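Undergrad: Supplied in structure tokens, the structure appears directly below.
Rule-based calculations on the coordinates, nothing more; no lab input. Positions of Cβ are backbone-derived with ideal geometry, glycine not excepted, and every protein chain shown enters the neighbour counts.
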Ligand SMILES: [Cl-]
Ligand SMILES: [Cl-]
Ligand SMILES: [Cl-]
């Protein structure tokens, strides 16, 4: 397993514009297009992202390409964030993947706000961090996915994805 396969499992793959769990226009492997309620604003962002007139539909290669960009960008954003970088650097490879997963879903800002959990993760208090992570909108809104990520931070293994 690796970050790519992990995200592929959590986000799925859809080739036509769809709405995410929050109601936002997305495509591919969890590539958010816009928070705007307009399908037209979404198709336009799509064409700009792809470099062609898509008419709201992309190929598998294009979805994969967006995904590669988004993972890279997620990871690099973590290294550039003063609150996240130190946590990431302290983690082992498996847990690093868990933190990238949360940043991919919720944005760097969102994650950077889990101050207490980040502190427990850096201290390697796994069970305590698992408990704290769960007291969040994140966990209540997407319980299945959050548990998978939480178990990942707790155990340092990919068991939840097997
Ligand atoms: Cl893009
Ligand atoms: Cl460095
Ligand atoms: Cl879920």
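Undergrad: State which residue pairs qualify: first residue closer than 14 Å to residue 56 by Cα and inside region 6-25, second residue assigned to a strand (DSSP E or B) and away from ligand 1 (no atom under 16 Å from the Cβ) in any location, beta carbons under 9 Å apart, and separation of 6 or more residues or different chains.
TA: Listed by first residue and then by second, the contacts come to 15/57; 16/57; 17/57; 25/18; 25/19.
Undergrad: Where in region 1-86 are the strands (runs of 3 or more DSSP E), entirely inside, with at least 3 residues that are farther than 19 Å from residue 111 by Cβ and away from ligand 1 (no atom under 13 Å from the Cβ)? Talk me through it step by step, then tell me what you get.
TA: Numbers: elements: 14-19, 25-28, 31-34.
Correct list: 14-19.
Undergrad: Continuing with the same structure: Residues being touching a residue at least 12 places away in the same chain (Cβ under 8 Å) and surrounded by 14 or more Cβ atoms within 10 Å (Cβ to Cβ): count how many of those fall in region 122-135.
TA: Residues meeting the conditions: 7.
Undergrad: Got a number for residues in region 136-146 being more than 8 Å from ligand 3 (Cβ to nearest atom) and surrounded by 12 or more Cβ atoms within 10 Å (Cβ to Cβ)?
TA: Residues flagged as more than 8 Å from ligand 3 (Cβ to nearest atom) and surrounded by 12 or more Cβ atoms within 10 Å (Cβ to Cβ) within region 136-146 amount to 3.
Yes/no matrix, rows are residues, columns are (1) loosely packed, with under 14 Cβ neighbours inside 10 Å; (2) more than 19 Å from residue 9 (Cβ to Cβ); (3) away from ligand 3 (no atom under 16 Å from the Cβ); (4) in contact (Cβ under 8 Å) with a residue 24 or more places away in the chain:
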| residue | (1), (2), (3), (4) |
| --- | --- |
| 83 | no, yes, yes, yes |
| 97 | no, no, yes, yes |
| 104 | no, no, no, yes |
| 116 | yes, yes, yes, no |
| 120 | no, yes, yes, no |
| 151 | no, no, no, no |
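Undergrad: Please work out which residue is farthest from residue 74 (Cα to Cα), limiting yourself to region 107-138 and to residues that are assigned to a helix (DSSP H, G or I) and out of contact with any helix residue (DSSP H, G or I) (no Cβ under 7 Å at 6 or more places or on another chain). Outline the logic, then answer.
TA: Narrowing region 107-138 to residues assigned to a helix (DSSP H, G or I): 107-112, 115-122, 126-134, 137-138.
Now narrow it down to the ones that are out of contact with any helix residue (DSSP H, G or I) (no Cβ under 7 Å at 6 or more places or on another chain): 107, 109-110, 112, 115, 119, 131, 137.
Details: 107: 8, 109: 11, 110: 12, 112: 13, 115: 19, 119: 20, 131: 25, 137: 21 Å.
Selected residue: 131.
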